[PDB]
>>> print(open('final_14.txt').read())   # compact mmCIF, N, CA and C atoms
# COMPACT_ATOMS: atom_id res chain seq x y z
N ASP A 478 -14.04 -88.41 -50.33
CA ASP A 478 -14.24 -89.85 -50.28
C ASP A 478 -14.09 -90.49 -51.66
N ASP A 479 -13.90 -89.69 -52.70
CA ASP A 479 -13.63 -90.17 -54.05
C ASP A 479 -12.28 -89.64 -54.49
N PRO A 480 -11.20 -90.42 -54.37
CA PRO A 480 -9.86 -89.86 -54.64
C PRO A 480 -9.64 -89.44 -56.08
N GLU A 481 -10.28 -90.12 -57.03
CA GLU A 481 -10.03 -89.86 -58.44
C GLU A 481 -10.60 -88.53 -58.91
N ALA A 482 -11.47 -87.90 -58.14
CA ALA A 482 -11.85 -86.52 -58.41
C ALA A 482 -10.95 -85.53 -57.69
N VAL A 483 -10.43 -85.91 -56.52
CA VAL A 483 -9.47 -85.07 -55.82
C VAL A 483 -8.24 -84.85 -56.68
N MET A 484 -7.75 -85.92 -57.32
CA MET A 484 -6.57 -85.79 -58.16
C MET A 484 -6.81 -84.81 -59.30
N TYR A 485 -7.96 -84.92 -59.96
CA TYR A 485 -8.26 -84.03 -61.08
C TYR A 485 -8.39 -82.58 -60.63
N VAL A 486 -9.04 -82.35 -59.49
CA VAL A 486 -9.17 -80.98 -59.01
C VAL A 486 -7.81 -80.38 -58.69
N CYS A 487 -6.93 -81.16 -58.05
CA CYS A 487 -5.60 -80.66 -57.74
C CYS A 487 -4.81 -80.34 -59.00
N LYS A 488 -4.92 -81.20 -60.01
CA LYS A 488 -4.25 -80.95 -61.28
C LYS A 488 -4.76 -79.66 -61.93
N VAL A 489 -6.08 -79.46 -61.92
CA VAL A 489 -6.65 -78.27 -62.55
C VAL A 489 -6.20 -77.01 -61.82
N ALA A 490 -6.17 -77.05 -60.49
CA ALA A 490 -5.71 -75.88 -59.74
C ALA A 490 -4.25 -75.56 -60.05
N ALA A 491 -3.41 -76.60 -60.13
CA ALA A 491 -2.01 -76.37 -60.45
C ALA A 491 -1.85 -75.76 -61.84
N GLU A 492 -2.66 -76.19 -62.81
CA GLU A 492 -2.61 -75.56 -64.13
C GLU A 492 -3.10 -74.12 -64.10
N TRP A 493 -4.15 -73.84 -63.32
CA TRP A 493 -4.67 -72.48 -63.27
C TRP A 493 -3.63 -71.51 -62.74
N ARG A 494 -2.92 -71.90 -61.68
CA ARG A 494 -1.93 -70.98 -61.12
C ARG A 494 -0.86 -70.61 -62.13
N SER A 495 -0.46 -71.57 -62.97
CA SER A 495 0.55 -71.27 -63.98
C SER A 495 -0.02 -70.47 -65.13
N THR A 496 -1.26 -70.72 -65.52
CA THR A 496 -1.80 -70.02 -66.68
C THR A 496 -2.15 -68.57 -66.37
N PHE A 497 -2.76 -68.29 -65.22
CA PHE A 497 -3.28 -66.96 -64.96
C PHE A 497 -2.57 -66.22 -63.84
N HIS A 498 -1.74 -66.89 -63.05
CA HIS A 498 -0.99 -66.26 -61.97
C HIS A 498 -1.93 -65.54 -61.00
N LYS A 499 -2.91 -66.27 -60.50
CA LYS A 499 -3.87 -65.81 -59.51
C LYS A 499 -3.93 -66.81 -58.36
N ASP A 500 -4.65 -66.45 -57.31
CA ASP A 500 -4.86 -67.38 -56.21
C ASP A 500 -5.91 -68.41 -56.60
N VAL A 501 -5.88 -69.56 -55.93
CA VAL A 501 -6.93 -70.56 -56.12
C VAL A 501 -7.07 -71.33 -54.82
N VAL A 502 -8.30 -71.72 -54.51
CA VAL A 502 -8.63 -72.38 -53.25
C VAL A 502 -9.22 -73.75 -53.56
N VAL A 503 -8.76 -74.77 -52.85
CA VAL A 503 -9.25 -76.13 -52.98
C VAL A 503 -9.77 -76.58 -51.62
N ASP A 504 -11.03 -76.98 -51.57
CA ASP A 504 -11.71 -77.35 -50.33
C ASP A 504 -11.92 -78.86 -50.32
N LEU A 505 -11.36 -79.54 -49.32
CA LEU A 505 -11.50 -80.98 -49.18
C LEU A 505 -12.48 -81.26 -48.06
N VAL A 506 -13.67 -81.74 -48.42
CA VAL A 506 -14.70 -82.07 -47.44
C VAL A 506 -14.46 -83.48 -46.94
N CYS A 507 -14.25 -83.63 -45.64
CA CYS A 507 -13.90 -84.91 -45.05
C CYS A 507 -14.53 -84.98 -43.66
N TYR A 508 -14.03 -85.88 -42.82
CA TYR A 508 -14.49 -85.99 -41.45
C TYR A 508 -13.31 -86.28 -40.55
N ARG A 509 -13.54 -86.19 -39.25
CA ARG A 509 -12.52 -86.43 -38.24
C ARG A 509 -12.86 -87.72 -37.51
N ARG A 510 -12.04 -88.75 -37.70
CA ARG A 510 -12.40 -90.07 -37.19
C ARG A 510 -12.27 -90.15 -35.68
N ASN A 511 -11.21 -89.58 -35.12
CA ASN A 511 -10.99 -89.62 -33.69
C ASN A 511 -11.48 -88.32 -33.06
N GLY A 512 -11.12 -88.11 -31.79
CA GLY A 512 -11.47 -86.84 -31.13
C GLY A 512 -10.41 -85.81 -31.45
N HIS A 513 -10.53 -84.59 -30.91
CA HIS A 513 -9.55 -83.54 -31.29
C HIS A 513 -8.15 -83.99 -30.86
N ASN A 514 -8.04 -84.59 -29.67
CA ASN A 514 -6.74 -85.13 -29.20
C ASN A 514 -6.81 -86.66 -29.26
N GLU A 515 -5.66 -87.33 -29.29
CA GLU A 515 -5.65 -88.82 -29.28
C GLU A 515 -6.31 -89.30 -27.99
N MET A 516 -6.02 -88.64 -26.86
CA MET A 516 -6.69 -89.00 -25.58
C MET A 516 -7.88 -88.05 -25.41
N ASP A 517 -9.00 -88.32 -26.10
CA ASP A 517 -10.16 -87.40 -26.06
C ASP A 517 -11.46 -88.18 -26.23
N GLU A 518 -12.57 -87.65 -25.71
CA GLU A 518 -13.88 -88.28 -25.86
C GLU A 518 -14.82 -87.39 -26.66
N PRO A 519 -15.05 -87.69 -27.94
CA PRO A 519 -15.93 -86.82 -28.74
C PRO A 519 -17.42 -87.07 -28.56
N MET A 520 -17.82 -88.16 -27.90
CA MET A 520 -19.24 -88.43 -27.71
C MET A 520 -19.92 -87.51 -26.71
N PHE A 521 -19.19 -86.69 -25.97
CA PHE A 521 -19.85 -85.83 -25.00
C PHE A 521 -20.68 -84.75 -25.68
N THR A 522 -20.27 -84.31 -26.86
CA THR A 522 -20.91 -83.17 -27.52
C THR A 522 -21.47 -83.47 -28.90
N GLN A 523 -20.96 -84.47 -29.61
CA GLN A 523 -21.47 -84.84 -30.92
C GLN A 523 -21.75 -86.34 -30.93
N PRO A 524 -22.87 -86.75 -30.35
CA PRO A 524 -23.15 -88.19 -30.25
C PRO A 524 -23.52 -88.84 -31.56
N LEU A 525 -24.43 -88.21 -32.31
CA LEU A 525 -24.98 -88.88 -33.48
C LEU A 525 -24.04 -88.80 -34.67
N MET A 526 -23.26 -87.72 -34.77
CA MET A 526 -22.24 -87.65 -35.80
C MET A 526 -21.26 -88.80 -35.67
N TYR A 527 -20.82 -89.10 -34.46
CA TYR A 527 -19.86 -90.18 -34.28
C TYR A 527 -20.50 -91.56 -34.28
N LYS A 528 -21.78 -91.67 -33.91
CA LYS A 528 -22.49 -92.91 -34.17
C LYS A 528 -22.52 -93.21 -35.66
N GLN A 529 -22.74 -92.19 -36.49
CA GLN A 529 -22.67 -92.38 -37.93
C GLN A 529 -21.25 -92.68 -38.39
N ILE A 530 -20.25 -92.03 -37.78
CA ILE A 530 -18.87 -92.22 -38.20
C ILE A 530 -18.44 -93.66 -38.01
N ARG A 531 -18.70 -94.24 -36.83
CA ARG A 531 -18.20 -95.60 -36.64
C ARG A 531 -18.95 -96.65 -37.44
N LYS A 532 -19.80 -96.27 -38.39
CA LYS A 532 -20.39 -97.24 -39.31
C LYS A 532 -19.89 -97.08 -40.74
N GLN A 533 -18.77 -96.39 -40.95
CA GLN A 533 -18.33 -96.07 -42.30
C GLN A 533 -16.91 -96.56 -42.54
N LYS A 534 -16.68 -97.09 -43.75
CA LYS A 534 -15.43 -97.72 -44.18
C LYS A 534 -14.38 -96.66 -44.50
N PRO A 535 -13.11 -96.96 -44.24
CA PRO A 535 -12.04 -96.05 -44.67
C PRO A 535 -11.92 -96.02 -46.19
N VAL A 536 -11.34 -94.93 -46.70
CA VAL A 536 -11.26 -94.72 -48.14
C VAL A 536 -10.35 -95.75 -48.80
N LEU A 537 -9.28 -96.15 -48.11
CA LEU A 537 -8.33 -97.08 -48.69
C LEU A 537 -9.00 -98.40 -49.04
N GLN A 538 -9.85 -98.90 -48.15
CA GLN A 538 -10.56 -100.14 -48.42
C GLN A 538 -11.37 -100.02 -49.70
N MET B 602 -17.16 -46.53 2.81
CA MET B 602 -17.59 -47.68 2.03
C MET B 602 -17.22 -48.97 2.74
N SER B 603 -18.07 -49.98 2.60
CA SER B 603 -17.83 -51.29 3.19
C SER B 603 -18.48 -52.34 2.31
N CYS B 604 -18.04 -53.58 2.49
CA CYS B 604 -18.56 -54.69 1.71
C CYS B 604 -19.19 -55.73 2.63
N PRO B 605 -20.43 -56.13 2.37
CA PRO B 605 -21.05 -57.18 3.18
C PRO B 605 -20.34 -58.51 3.00
N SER B 606 -20.46 -59.37 4.01
CA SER B 606 -19.88 -60.70 3.92
C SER B 606 -20.55 -61.47 2.79
N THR B 607 -19.76 -62.30 2.11
CA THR B 607 -20.24 -63.02 0.93
C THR B 607 -20.64 -64.46 1.22
N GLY B 608 -20.66 -64.87 2.48
CA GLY B 608 -21.03 -66.23 2.81
C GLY B 608 -22.51 -66.48 2.64
N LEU B 609 -22.86 -67.77 2.62
CA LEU B 609 -24.23 -68.21 2.46
C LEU B 609 -24.57 -69.27 3.49
N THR B 610 -25.86 -69.36 3.81
CA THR B 610 -26.34 -70.40 4.71
C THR B 610 -26.31 -71.76 4.03
N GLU B 611 -26.27 -72.82 4.85
CA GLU B 611 -25.87 -74.13 4.36
C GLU B 611 -26.91 -74.75 3.44
N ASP B 612 -28.19 -74.51 3.71
CA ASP B 612 -29.23 -75.19 2.94
C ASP B 612 -29.22 -74.75 1.49
N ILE B 613 -28.88 -73.49 1.24
CA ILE B 613 -28.73 -73.02 -0.14
C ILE B 613 -27.62 -73.79 -0.84
N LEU B 614 -26.48 -73.97 -0.16
CA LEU B 614 -25.38 -74.70 -0.76
C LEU B 614 -25.77 -76.15 -1.05
N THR B 615 -26.46 -76.80 -0.11
CA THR B 615 -26.86 -78.18 -0.34
C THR B 615 -27.83 -78.29 -1.50
N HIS B 616 -28.79 -77.37 -1.59
CA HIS B 616 -29.74 -77.41 -2.70
C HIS B 616 -29.03 -77.22 -4.03
N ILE B 617 -28.10 -76.27 -4.10
CA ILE B 617 -27.37 -76.04 -5.34
C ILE B 617 -26.56 -77.27 -5.72
N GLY B 618 -25.88 -77.88 -4.74
CA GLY B 618 -25.10 -79.07 -5.04
C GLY B 618 -25.94 -80.23 -5.52
N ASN B 619 -27.09 -80.44 -4.89
CA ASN B 619 -27.97 -81.53 -5.30
C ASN B 619 -28.48 -81.32 -6.72
N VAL B 620 -28.81 -80.08 -7.08
CA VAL B 620 -29.24 -79.83 -8.45
C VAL B 620 -28.08 -80.01 -9.42
N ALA B 621 -26.88 -79.59 -9.02
CA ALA B 621 -25.73 -79.64 -9.91
C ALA B 621 -25.22 -81.06 -10.14
N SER B 622 -25.51 -81.99 -9.24
CA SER B 622 -25.02 -83.36 -9.36
C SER B 622 -26.09 -84.31 -9.88
N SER B 623 -26.92 -83.85 -10.81
CA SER B 623 -27.98 -84.68 -11.36
C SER B 623 -28.44 -84.09 -12.68
N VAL B 624 -29.30 -84.84 -13.36
CA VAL B 624 -29.94 -84.39 -14.60
C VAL B 624 -31.43 -84.19 -14.31
N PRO B 625 -31.90 -82.91 -14.35
CA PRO B 625 -33.25 -82.58 -13.92
C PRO B 625 -34.31 -82.52 -15.01
N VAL B 626 -34.21 -83.38 -16.01
CA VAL B 626 -35.26 -83.50 -17.06
C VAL B 626 -35.53 -85.00 -17.13
N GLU B 627 -36.76 -85.40 -17.43
CA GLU B 627 -37.10 -86.84 -17.51
C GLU B 627 -36.88 -87.34 -18.93
N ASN B 628 -36.59 -88.64 -19.09
CA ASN B 628 -36.41 -89.26 -20.43
C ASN B 628 -35.06 -88.90 -21.06
N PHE B 629 -34.12 -88.33 -20.30
CA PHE B 629 -32.86 -87.87 -20.92
C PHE B 629 -31.77 -88.92 -20.67
N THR B 630 -31.13 -89.43 -21.73
CA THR B 630 -30.02 -90.41 -21.58
C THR B 630 -28.67 -89.71 -21.71
N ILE B 631 -27.69 -90.08 -20.89
CA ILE B 631 -26.38 -89.38 -20.87
C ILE B 631 -25.25 -90.42 -20.97
N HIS B 632 -24.06 -90.02 -21.41
CA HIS B 632 -22.91 -90.94 -21.59
C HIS B 632 -22.45 -91.52 -20.26
N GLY B 633 -21.96 -92.75 -20.25
CA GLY B 633 -21.43 -93.36 -19.02
C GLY B 633 -20.40 -92.50 -18.32
N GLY B 634 -19.36 -92.08 -19.01
CA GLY B 634 -18.30 -91.26 -18.44
C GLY B 634 -18.84 -90.02 -17.76
N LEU B 635 -19.92 -89.45 -18.30
CA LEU B 635 -20.55 -88.30 -17.66
C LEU B 635 -21.36 -88.71 -16.44
N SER B 636 -21.94 -89.91 -16.45
CA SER B 636 -22.62 -90.41 -15.27
C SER B 636 -21.66 -90.58 -14.10
N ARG B 637 -20.44 -91.06 -14.36
CA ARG B 637 -19.47 -91.15 -13.27
C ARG B 637 -19.14 -89.78 -12.70
N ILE B 638 -19.01 -88.78 -13.57
CA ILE B 638 -18.66 -87.44 -13.11
C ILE B 638 -19.76 -86.88 -12.21
N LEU B 639 -21.02 -87.04 -12.62
CA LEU B 639 -22.11 -86.57 -11.78
C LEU B 639 -22.18 -87.34 -10.47
N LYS B 640 -21.93 -88.65 -10.50
CA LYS B 640 -21.96 -89.42 -9.27
C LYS B 640 -20.87 -88.97 -8.31
N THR B 641 -19.68 -88.67 -8.84
CA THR B 641 -18.60 -88.16 -8.00
C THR B 641 -18.94 -86.79 -7.43
N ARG B 642 -19.63 -85.96 -8.22
CA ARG B 642 -20.09 -84.68 -7.70
C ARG B 642 -20.99 -84.89 -6.49
N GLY B 643 -21.92 -85.85 -6.58
CA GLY B 643 -22.74 -86.18 -5.43
C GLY B 643 -21.94 -86.74 -4.26
N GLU B 644 -20.94 -87.57 -4.55
CA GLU B 644 -20.01 -88.05 -3.54
C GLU B 644 -19.46 -86.90 -2.72
N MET B 645 -18.95 -85.87 -3.40
CA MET B 645 -18.37 -84.74 -2.68
C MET B 645 -19.44 -83.93 -1.96
N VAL B 646 -20.59 -83.72 -2.59
CA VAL B 646 -21.60 -82.84 -2.02
C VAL B 646 -22.12 -83.40 -0.70
N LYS B 647 -22.25 -84.72 -0.58
CA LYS B 647 -22.80 -85.36 0.66
C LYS B 647 -21.77 -85.34 1.78
N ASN B 648 -20.51 -85.13 1.44
CA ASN B 648 -19.42 -85.08 2.41
C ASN B 648 -19.08 -83.64 2.79
N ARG B 649 -19.80 -82.66 2.24
CA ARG B 649 -19.59 -81.24 2.55
C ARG B 649 -18.21 -80.78 2.11
N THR B 650 -17.91 -81.00 0.84
CA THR B 650 -16.65 -80.60 0.23
C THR B 650 -16.92 -80.22 -1.22
N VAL B 651 -16.18 -79.25 -1.73
CA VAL B 651 -16.36 -78.78 -3.10
C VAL B 651 -15.03 -78.84 -3.83
N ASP B 652 -15.07 -79.28 -5.08
CA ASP B 652 -13.94 -79.19 -5.99
C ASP B 652 -14.05 -77.87 -6.75
N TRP B 653 -13.26 -77.72 -7.80
CA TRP B 653 -13.27 -76.45 -8.52
C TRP B 653 -14.55 -76.27 -9.32
N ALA B 654 -15.11 -77.35 -9.85
CA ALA B 654 -16.31 -77.22 -10.68
C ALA B 654 -17.53 -76.88 -9.85
N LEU B 655 -17.59 -77.35 -8.61
CA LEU B 655 -18.77 -77.12 -7.78
C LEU B 655 -18.81 -75.70 -7.24
N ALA B 656 -17.65 -75.09 -6.99
CA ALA B 656 -17.63 -73.71 -6.53
C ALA B 656 -18.21 -72.76 -7.56
N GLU B 657 -18.00 -73.03 -8.84
CA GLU B 657 -18.55 -72.18 -9.88
C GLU B 657 -20.08 -72.24 -9.91
N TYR B 658 -20.66 -73.44 -9.77
CA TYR B 658 -22.10 -73.54 -9.56
C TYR B 658 -22.54 -72.79 -8.31
N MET B 659 -21.84 -72.97 -7.20
CA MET B 659 -22.33 -72.34 -5.98
C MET B 659 -22.16 -70.83 -5.98
>>> encode(input="final_14.txt", output="structure tokens")
Amino acid sequence: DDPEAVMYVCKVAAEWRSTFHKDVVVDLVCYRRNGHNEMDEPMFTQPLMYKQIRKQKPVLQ
Amino acid sequence: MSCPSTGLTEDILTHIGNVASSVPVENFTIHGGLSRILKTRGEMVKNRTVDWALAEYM
């Protein structure tokens, strides 16, 4: 939800791969706005998570 | 070797259907779309017909 740290982490990982020639893992913690499919109802199993979701602004805004 | 018949008497089937087409705890709220599904289950159960989901309960 903070893009300016995502950019820095990606840059650092790209430098690490060139400097040490090892694997590196980058984990992006986010959420899923819709259901698993476009025609899907996610409220059947995760009611409160999606009640919280529909009160949150998109990152672009 | 032989196998007994697997049928059941009707009252058992009706009791299972009635339990399967409802929510048997008090104070429990459920989604609208799920309420329609349970109501349709009752629709079928009162007409003496089973869909695929009701046979698994029975």
>>> atom_distance(input="final_14.txt", atom1="atom C of residue 621 in chain B", atom2="atom C of residue 521 in chain A")
16.6 Å
>>> interface_residues(input="final_14.txt", of="chain B", to="chain A", cutoff="12 Å", atoms="only C-alpha atoms", output="list in words")
residues 630, 631, 632, 633, 634, 635 and 636 of chain B
>>> select_by_dssp(input="final_14.txt", residues="range 604-644 of chain B", states="helix (DSSP H, G or I)", output="list in words")
residues 611, 612, 613, 614, 615, 616, 617, 618, 619, 620, 621, 633, 634, 635, 636, 637, 638, 639, 640, 641, 642, 643 and 644 of chain B
>>> atom_distance(input="final_14.txt", atom1="CA of residue 649 in chain B", atom2="CA of residue 623 in chain B")
16.6 Å
>>> atom_distance(input="final_14.txt", atom1="CA of residue 612 in chain B", atom2="CA of residue 645 in chain B")
15.5 Å
>>> residues_around(input="final_14.txt", residues="residue 505 in chain A", least_positions_apart="3", cutoff="10 Å", atoms="only C-alpha atoms", output="list in words")
residues 478, 483, 502 and 508 of chain A
>>> write_last_selection(input="final_14.txt", atoms="N, CA and C atoms", output="short mmCIF file (atom, residue, chain, number, x, y, z; two decimals), keeping the file's coordinate frame")
data_model
loop_
_atom_site.label_atom_id
_atom_site.label_comp_id
_atom_site.auth_asym_id
_atom_site.auth_seq_id
_atom_site.Cartn_x
_atom_site.Cartn_y
_atom_site.Cartn_z
N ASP A 478 -14.04 -88.41 -50.33
CA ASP A 478 -14.24 -89.85 -50.28
C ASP A 478 -14.09 -90.49 -51.66
N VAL A 483 -10.43 -85.91 -56.52
CA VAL A 483 -9.47 -85.07 -55.82
C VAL A 483 -8.24 -84.85 -56.68
N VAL A 502 -8.30 -71.72 -54.51
CA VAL A 502 -8.63 -72.38 -53.25
C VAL A 502 -9.22 -73.75 -53.56
N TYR A 508 -14.03 -85.88 -42.82
CA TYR A 508 -14.49 -85.99 -41.45
C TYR A 508 -13.31 -86.28 -40.55
#
>>> closest_residue(input="final_14.txt", among="B:603, B:615, B:628, B:622", to="residue 644 in chain B", atoms="all atoms listed in the file")
B:622
>>> build_atoms(input="final_14.txt", residues="range 624-640 of chain B", atoms="N, CA, C and O atoms", output="PDB file, keeping the file's coordinate frame")
ATOM      1  N   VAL B 624     -29.300 -84.840 -13.360  1.00  0.00           N
ATOM      2  CA  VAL B 624     -29.940 -84.390 -14.600  1.00  0.00           C
ATOM      3  C   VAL B 624     -31.430 -84.190 -14.310  1.00  0.00           C
ATOM      4  O   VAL B 624     -32.143 -85.159 -14.038  1.00  0.00           O
ATOM      5  N   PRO B 625     -31.900 -82.910 -14.350  1.00  0.00           N
ATOM      6  CA  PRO B 625     -33.250 -82.580 -13.920  1.00  0.00           C
ATOM      7  C   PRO B 625     -34.310 -82.520 -15.010  1.00  0.00           C
ATOM      8  O   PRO B 625     -35.169 -81.684 -14.911  1.00  0.00           O
ATOM      9  N   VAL B 626     -34.210 -83.380 -16.010  1.00  0.00           N
ATOM     10  CA  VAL B 626     -35.260 -83.500 -17.060  1.00  0.00           C
ATOM     11  C   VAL B 626     -35.530 -85.000 -17.130  1.00  0.00           C
ATOM     12  O   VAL B 626     -34.590 -85.766 -16.882  1.00  0.00           O
ATOM     13  N   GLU B 627     -36.760 -85.400 -17.430  1.00  0.00           N
ATOM     14  CA  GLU B 627     -37.100 -86.840 -17.510  1.00  0.00           C
ATOM     15  C   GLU B 627     -36.880 -87.340 -18.930  1.00  0.00           C
ATOM     16  O   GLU B 627     -36.909 -86.503 -19.844  1.00  0.00           O
ATOM     17  N   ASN B 628     -36.590 -88.640 -19.090  1.00  0.00           N
ATOM     18  CA  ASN B 628     -36.410 -89.260 -20.430  1.00  0.00           C
ATOM     19  C   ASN B 628     -35.060 -88.900 -21.060  1.00  0.00           C
ATOM     20  O   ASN B 628     -34.895 -89.209 -22.242  1.00  0.00           O
ATOM     21  N   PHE B 629     -34.120 -88.330 -20.300  1.00  0.00           N
ATOM     22  CA  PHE B 629     -32.860 -87.870 -20.920  1.00  0.00           C
ATOM     23  C   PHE B 629     -31.770 -88.920 -20.670  1.00  0.00           C
ATOM     24  O   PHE B 629     -31.525 -89.207 -19.497  1.00  0.00           O
ATOM     25  N   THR B 630     -31.130 -89.430 -21.730  1.00  0.00           N
ATOM     26  CA  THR B 630     -30.020 -90.410 -21.580  1.00  0.00           C
ATOM     27  C   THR B 630     -28.670 -89.710 -21.710  1.00  0.00           C
ATOM     28  O   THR B 630     -28.536 -88.871 -22.598  1.00  0.00           O
ATOM     29  N   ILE B 631     -27.690 -90.080 -20.890  1.00  0.00           N
ATOM     30  CA  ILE B 631     -26.380 -89.380 -20.870  1.00  0.00           C
ATOM     31  C   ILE B 631     -25.250 -90.420 -20.970  1.00  0.00           C
ATOM     32  O   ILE B 631     -25.518 -91.587 -20.674  1.00  0.00           O
ATOM     33  N   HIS B 632     -24.060 -90.020 -21.410  1.00  0.00           N
ATOM     34  CA  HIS B 632     -22.910 -90.940 -21.590  1.00  0.00           C
ATOM     35  C   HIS B 632     -22.450 -91.520 -20.260  1.00  0.00           C
ATOM     36  O   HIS B 632     -22.526 -90.802 -19.264  1.00  0.00           O
ATOM     37  N   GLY B 633     -21.960 -92.750 -20.250  1.00  0.00           N
ATOM     38  CA  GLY B 633     -21.430 -93.360 -19.020  1.00  0.00           C
ATOM     39  C   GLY B 633     -20.400 -92.500 -18.320  1.00  0.00           C
ATOM     40  O   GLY B 633     -20.565 -92.283 -17.122  1.00  0.00           O
ATOM     41  N   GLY B 634     -19.360 -92.080 -19.010  1.00  0.00           N
ATOM     42  CA  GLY B 634     -18.300 -91.260 -18.440  1.00  0.00           C
ATOM     43  C   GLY B 634     -18.840 -90.020 -17.760  1.00  0.00           C
ATOM     44  O   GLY B 634     -18.295 -89.562 -16.752  1.00  0.00           O
ATOM     45  N   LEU B 635     -19.920 -89.450 -18.300  1.00  0.00           N
ATOM     46  CA  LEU B 635     -20.550 -88.300 -17.660  1.00  0.00           C
ATOM     47  C   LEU B 635     -21.360 -88.710 -16.440  1.00  0.00           C
ATOM     48  O   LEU B 635     -21.442 -87.943 -15.472  1.00  0.00           O
ATOM     49  N   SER B 636     -21.940 -89.910 -16.450  1.00  0.00           N
ATOM     50  CA  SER B 636     -22.620 -90.410 -15.270  1.00  0.00           C
ATOM     51  C   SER B 636     -21.660 -90.580 -14.100  1.00  0.00           C
ATOM     52  O   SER B 636     -22.021 -90.279 -12.960  1.00  0.00           O
ATOM     53  N   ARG B 637     -20.440 -91.060 -14.360  1.00  0.00           N
ATOM     54  CA  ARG B 637     -19.470 -91.150 -13.270  1.00  0.00           C
ATOM     55  C   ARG B 637     -19.140 -89.780 -12.700  1.00  0.00           C
ATOM     56  O   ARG B 637     -18.985 -89.622 -11.488  1.00  0.00           O
ATOM     57  N   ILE B 638     -19.010 -88.780 -13.570  1.00  0.00           N
ATOM     58  CA  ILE B 638     -18.660 -87.440 -13.110  1.00  0.00           C
ATOM     59  C   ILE B 638     -19.760 -86.880 -12.210  1.00  0.00           C
ATOM     60  O   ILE B 638     -19.481 -86.327 -11.143  1.00  0.00           O
ATOM     61  N   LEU B 639     -21.020 -87.040 -12.620  1.00  0.00           N
ATOM     62  CA  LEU B 639     -22.110 -86.570 -11.780  1.00  0.00           C
ATOM     63  C   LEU B 639     -22.180 -87.340 -10.470  1.00  0.00           C
ATOM     64  O   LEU B 639     -22.452 -86.753  -9.412  1.00  0.00           O
ATOM     65  N   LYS B 640     -21.930 -88.650 -10.500  1.00  0.00           N
ATOM     66  CA  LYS B 640     -21.960 -89.420  -9.270  1.00  0.00           C
ATOM     67  C   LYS B 640     -20.870 -88.970  -8.310  1.00  0.00           C
ATOM     68  O   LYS B 640     -21.081 -88.891  -7.100  1.00  0.00           O
TER      69      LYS B 640
END
